[PDB]
Each structure stands twice: as C-alpha cells, then as structure tokens.
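Examining the three-dimensional arrangement
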Amino acid sequence: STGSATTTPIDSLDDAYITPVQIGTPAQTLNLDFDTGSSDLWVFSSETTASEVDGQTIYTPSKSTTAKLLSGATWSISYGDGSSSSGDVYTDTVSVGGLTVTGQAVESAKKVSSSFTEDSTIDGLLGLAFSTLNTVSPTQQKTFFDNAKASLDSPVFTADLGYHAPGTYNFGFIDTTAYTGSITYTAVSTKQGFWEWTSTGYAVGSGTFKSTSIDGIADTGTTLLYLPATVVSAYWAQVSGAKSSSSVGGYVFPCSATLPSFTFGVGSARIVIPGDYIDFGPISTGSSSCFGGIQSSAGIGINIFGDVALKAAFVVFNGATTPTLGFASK
Ligand SMILES: C#CCN(C)Cc1nc([C@]2(O)CN[C@@H](c3nc(-c4ccc(C(F)(F)F)cc4)no3)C2)cs1
C-alpha cells in the first residue's frame, strides 16, 4: 500500500504545516502537524477542557463506530518550545492520503497548553519519530508509520515541504518526479528516538565549504534551523546589522537586508537553502527588525534540521531494518 497527502503552511511564514488526517468511522478529518521529532498522535477532542479549545476541529470518539477506549492508558508530552498536552487514549481507524491503519492509538487531549489553544489551525500532532519516544503509559504505543510499515510497498515516508506553498507527505514510495539529481542517503542513529544524522559541513552564501561534522535531527515539527553557535555566528556575520537579541530570543536582522544562502552537507552532496527561506519577517507587526531562520542550538542541547532546512530538499525517511535518511535537491 501507499498514501499521499498534501501538507499546507498554517500562515504566511511557514510556522508549521498541517496535513488532513481521517480518524474514525464515519471519517472525522482533522488537520494535524506531522512531526518527525516526536512519536505521539494526539488530537483536540470532545474531552479537551472547553476553555482550552479556540477554533480547532475536535475528534469525538463517541461518534466513531470503530473507536475503542484503550482502558487505563494516559499520555503526557512536552515540546521543545515549552508547550505541552496530555490526556487519555482511544484506538481507531486512521487514514492519511488513502493509507489506512486500523487500531491506531489516537491520544485524546484533556489538557493543552496556551500555545496550542492559540493556534486555531492545528488540530493535533502526528508523530513520525521512532516509537520508543511515544509517551503512552503503561503500554507504549506505535506511531502511524510504525503501524503502517509492514503493509507499505517500501518501508519509507518522504517529506517534500513547500516554501510559502503546499507540499507533500508520501508513504510507501519515492516519487522520482519530485526531486532533481540523485538522493544521497546517510546513516541514522535511533539511540535518542529521533531521525538523527551527521551533516558533513556547511557554507555561507558563495563561500567555500567548511568540512565539519554536525550531529542533528531531521524534524518537520520544528520551524527553524538550529545549529552550533559557531556556525550561526559565521552566517549572521555576513548580514549587515544582524545581531543576537536576548530580548527577542535569537538572531534578528534588518528587514532591508537580502540574506545569503546557507548550504549544508549530506555526505559528499550539498543542499542549498536560499536566503529568502531564512527570512521570518518582522519580529512584531510593522517592525523593521526581522527574525532569522537560522538560530543557535546552544540553549537546547541538540542541533535541529527543522523546516527551514528540510523545505529546501526532498527528504526520505527510510524506516528499513537499518534506518537511513535521504536528501535530494529539488
Ligand atoms: C528544549 C529542548 C531540547 N529538546 C526537547 C528540543 C527538541 N524538541 C523537539 C520537538 O518537541 C519535536 N519536534 C518539534 C515540535 N514542536 C511542535 C509544536 C510545538 C508547539 C506548537 C504550538 F505552538 F501550537 F503549541 C505546535 C507544534 N511540533 O513539533 C519540537 C524535538 S527535540
């Protein structure tokens, strides 16, 4: 089997991408944030504290003929920005782009933190990291991809995110029309539960390539590109007036600037992020200070190849017995 679904930016900045997901019988379609950096499928629901729901579409398990309470199971998760959610668990039929998993754990939120309430466009998350990170207790649950894998034509999914435009998540096949050149595959460590890999270095703009190993994770659920402070300083030093602002929380730059590209290494191959992809616009409405798309990982303890990086590439998440990651230009 295969599936294919379109993913769409939630706003003009590509702050996140949402993908429609069918849950239950008859189908209830919710727009979920596919997150290769976590492993829980959780939804706003008829159980979510009413004061914490503000425009989201909710899953109502009592209206699904295929929903079953996973008795005694609870879940609780936090994310890298400090946001969090928790609740109980149902199993139900879940379909993404024509690919169906029966008995998928659907984690129903009883509580969500303020940032989730405030994002009316995100109805929940669909985790695509390794199932060892799933938070369901006392019986840990598998991700949608892990449950689907044995049925797929090939044990893979691909992320083809757009720049200020929709893109595609495919399951079970590689669309050879969606990229240019070849896909370069690189080894993955699952030791932390992430799609963790080692970039071979970087370049700023038209500068020469710096060969250096950068461990990090491929994370579709993180907006920006977080790299070591040395690398990030070398990038922003090329932008007149760019500076790290503790009050804003990262590097800002004059909105009048044209940004240089940023290249990262995948083995002997290179992915080039155009400068425009690094522009996240005014820090507040009307400001002439703009927020940078490349930020330091120093405070978070892990380098994150988030959407800024991934949207410059066609990315293969290969969940074969020995997992790997593939990157192609597009
Ligand atoms: C700090 C630190 C050390 N480590 C935890 C950093 C890491 N952090 C992650 C992620 O938690 C998994 N992938 C990212 C992700 N964030 C979201 C998200 C968050 C908030 C909302 C909102 F604003 F709606 F509430 C929406 C989506 N979705 O995915 C972050 C992996 S490693």
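Residues numbered from 1 in each chain as written, not as in the entry; some residues may be left out. Heavy atoms only, no water. Residues with missing side-chain atoms left out of burial classes, pairs and counts.

Structure determination for this entry, per the PDB record, employed X-ray crystallography and reached 1.28 Å resolution.

The next point concerns the site of the ligand. The environment of the ligand is made up of 17 residues, and the closest members are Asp-35, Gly-80, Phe-116, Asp-219 and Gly-221. Between the ligand and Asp-219, the relevant distance is 2.7 Å, taken from a nitrogen atom to a side-chain nitrogen or oxygen of the residue. Here an oxygen atom of the ligand sits 3.0 Å away from a polar atom, N or O, in the main chain of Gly-221. In the complex, 78% of the free accessible area of the ligand, which totals 690 Å², lies under the protein chains. When contributions to the shell around the ligand are tallied by element, the ones reaching two or more residues are β3 (28–35) and α1 (114–118). When its residues are assigned to classes, the shell around the ligand shows six nonpolar, six polar and five charged. Shared between two domains, the shell around the ligand takes at least three residues from each, and those domains are domain 1 (5–174) and domain 2 (175–330). (Near = heavy atom within 4 Å. Polar contact = N/O pair within 3.5 Å; in protein donor to acceptor, adjacent residues only side chain to side chain. Areas by Shrake-Rupley, 256 points an atom, 1.4 Å probe, with all protein chains shown as cover. Helix = DSSP H or I, 4+ residues; strand = E, 2+ residues; numbered from the N terminus. Nonpolar A, V, L, I, M, F, W, Y, C, P; charged D, E, K, R; others polar. Domains from an automatic or database assignment.)

This part is about the packing of aromatic side chains. Applying the stated criterion to the full structure yields 25 aromatic pairs. Taking 4.9 Å as the distance between ring centres and 35 degrees as the angle between the ring planes, the aromatic pair formed by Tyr-179 and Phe-314 counts as tilted. Here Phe-314 lies in strand β23 (residues 314–318) and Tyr-179 lies in the loop between β10 (167–171) and β11 (184–187), a separation of 135 residues in the sequence. Here the two residues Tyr-179 and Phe-314 agree in accessibility, since each one is buried. When the centroid spacing of 4.7 Å and the interplanar angle of 45 degrees are considered together, the rings of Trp-197 and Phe-305 count as tilted. Remark: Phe-305 occurs in strand β22 (residues 304–305) and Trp-197 occurs in strand β12 (residues 196–204); sequence separation between them is 108 residues. Residues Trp-197 and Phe-305 agree in their burial class; the two are buried. An aromatic cluster of at least three residues, connected via ring pairs, comprises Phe-34, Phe-130, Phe-144, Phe-145, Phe-157, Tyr-169, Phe-171, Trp-195 and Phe-317. Directly above the aromatic system of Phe-209 lies the positively charged group of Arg-270, at a separation of 3.6 Å from the ring centroid. (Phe/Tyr/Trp six-rings, centres within 6.5 Å; stacked < 30°, edge-to-face > 60°. Buried < 20%, exposed > 50% of the residue type's maximum accessible area, 1.4 Å probe, protein only. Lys NZ or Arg CZ within 6 Å of the ring centre and 35° of its normal.)

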